[PDB]
Every structure is written in structure tokens, then in C-alpha cells.
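The chain below stands alone, shown as C-alpha cells; this is the form deposited in one PDB entry.
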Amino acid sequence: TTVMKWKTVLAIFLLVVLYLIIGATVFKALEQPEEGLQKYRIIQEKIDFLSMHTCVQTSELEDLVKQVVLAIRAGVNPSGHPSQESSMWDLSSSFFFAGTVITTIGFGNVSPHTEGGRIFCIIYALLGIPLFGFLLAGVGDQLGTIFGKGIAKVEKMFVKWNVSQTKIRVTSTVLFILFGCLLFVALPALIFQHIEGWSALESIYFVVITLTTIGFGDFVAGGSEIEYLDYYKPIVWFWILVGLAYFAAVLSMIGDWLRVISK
């Protein structure tokens, strides 16, 4: 029963509105030249195609472009030849989509695209999320206890050297943040970098988005039509599962930093 007074919450609300306004202005400044280059590229490509081929007509070209856009919304890949029997909605991939929907990540790479699918998605999401929340809390507690006990043992071994009451806590917090961060985020980013054509920055951005639960869908593991291992979606989902508890703890630590900045 925290019961923060109305003035405090409206202060936080004003802060949040300022935060979005600053974010919107910076994002507009960054995006506008890249968008301009994009707009020029597409206009130039359309003009070049029309000039190159007499047969093509603006109406027919627009119709083909519209059909391709509908295909992208549909989820079918227009490029080259799609395989009807394999490489789409594999038991692993559908499992991964179910894991994201319950996890709330929601990549958007694959969607129901049917009335029954949409109704199933709403019912399945509402039933699935409380269970996954309970599981996340339980896994977080178990991981926290095991990790803490391990730190306890390592510290107790190293407690005698350089004893300080400030340093013991600063070392414990820094050790937990870095040790968890390297395995949970740094190692998957490198593995993603090697397995797929994505650059290191893109891979790190992908890991931050999934662990953070934003799930933009700009980068999705397994999305590219390339050869994959037999069980790639389950291992990635399991990594997301273990990673989320630690990232939630990190979010709590940043929240604590914010509150302290409060006084």
C-alpha cells in the first residue's frame, strides 16, 4: 500500500510527458535524413524502371507493388520461389510464436491472418500470460537464490583480502550485473552475429529488444530463409526465458537508481 499522493503521481506524469517529447524531437532529427534518402531511392528506382522498359505501365506497376505489399502483410515471402511443403510454420517456429505471444514480446514476423486465429490469439494470450508471469517470478527467485549462493561462496573465499564494507557491496553488485550481462546478452549477440548476416550492433539491438520485451520485429532470429539447426527455436526461447528474469532484476536496479535520484 504505497499510496503515493496525487501530487507525486502527476509529477511523474509530467516527467514522462517531457521524456516522450524529448524522445520524439531527437528521433525526428535522426530519422528525417535517412527517410529522405529512402524516399529519393524509391522514387529513383521507380523512374529508372519505367524509363528502362516501355512495356511496363504505371497502373500495372502499382498493382504489382500493392500485391507484394499485401504479401508482406500476409507473411509469405515474395522473393524467389516459396516452398509450400517446408520452411514455413514448422513445429519449432509455431512453438516460438506461441512463446513470444505468451512472453508478450510479440515480434510480428508471423501473424494469425485468420478470424479463428485472431480469436485463438486473444483467448490464448489472456490465459497464457498469468501462467508465464508466475513461471517468470518462480524462475527469477530460483535463479536469484542460486546466483546469490554462488556469489556468497566466491566472496567468502575472497572476503579476507582487501576487506571493506563499501567495496564488498560494490563488488557484489558489479559482479552480478557484469557476470549475468556477458552470458545472457554478450554471448548471444556474438552467436547471432556468426549464425546470421547481422552486424554486431544489430545483434546487440536485437537482444536488448527481446529481453526488454519491446519485440519490434525488425530483427527476428530464424526469420531469414537460411539453413538452420534442428532445434533452434526452442533453445532461443529457453535463452529468452532465463534471460528475462535477470533483465527484470536489472530493470529493478535501474528503478532503484531512479528513486534514489529522487531525493
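Basically, rigid core = biggest C-alpha set you can superpose within 1.5 Å across the two forms. Start at 1 with the first residue shown and count on from there.
The same protein also exists as the form deposited in another entry; that form is not shown, yet it is the one meant from here on.
Chemist: Which of these moves by 2 angstroms or more at the C-alpha between the shown form and the other one, core superposed: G75, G128, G150, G106?
Modeler: The only residue crossing the 2 Å threshold is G150.
Chemist: Superposing on the rigid core, do we see a C-alpha displacement of 2 Å or more at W239 between the shown form and the other one?
Modeler: No, the C-alpha position differs by under 2 Å between the shown form and the other one.
Chemist: Taking the rigid core as the reference frame, tell me whether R118 has a CA displacement of 2 angstroms or more between the shown form and the other one.
Modeler: Not so; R118 is displaced by less than 2 Å.
Chemist: Is it true that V159 shifts between the shown form and the other one by 2 Å or more at the Cα, once the core is aligned?
Modeler: Moves: yes, 2 Å or greater.
Chemist: With a change of at least 3 Å, which way does the C-alpha separation between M157 and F179 go in the other entry: closer or farther?
Modeler: Their C-alpha distance grows by at least 3 Å in the other entry.
Chemist: Just to spell it out: taking the C-alpha atom of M253 and the C-alpha atom of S203, is that distance smaller or larger in the other entry than in the structure shown here, given it changes by 3 Å or more?
Modeler: The answer is farther, because the C-alphas of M253 and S203 separate from each other in the other entry by 3 Å or more.
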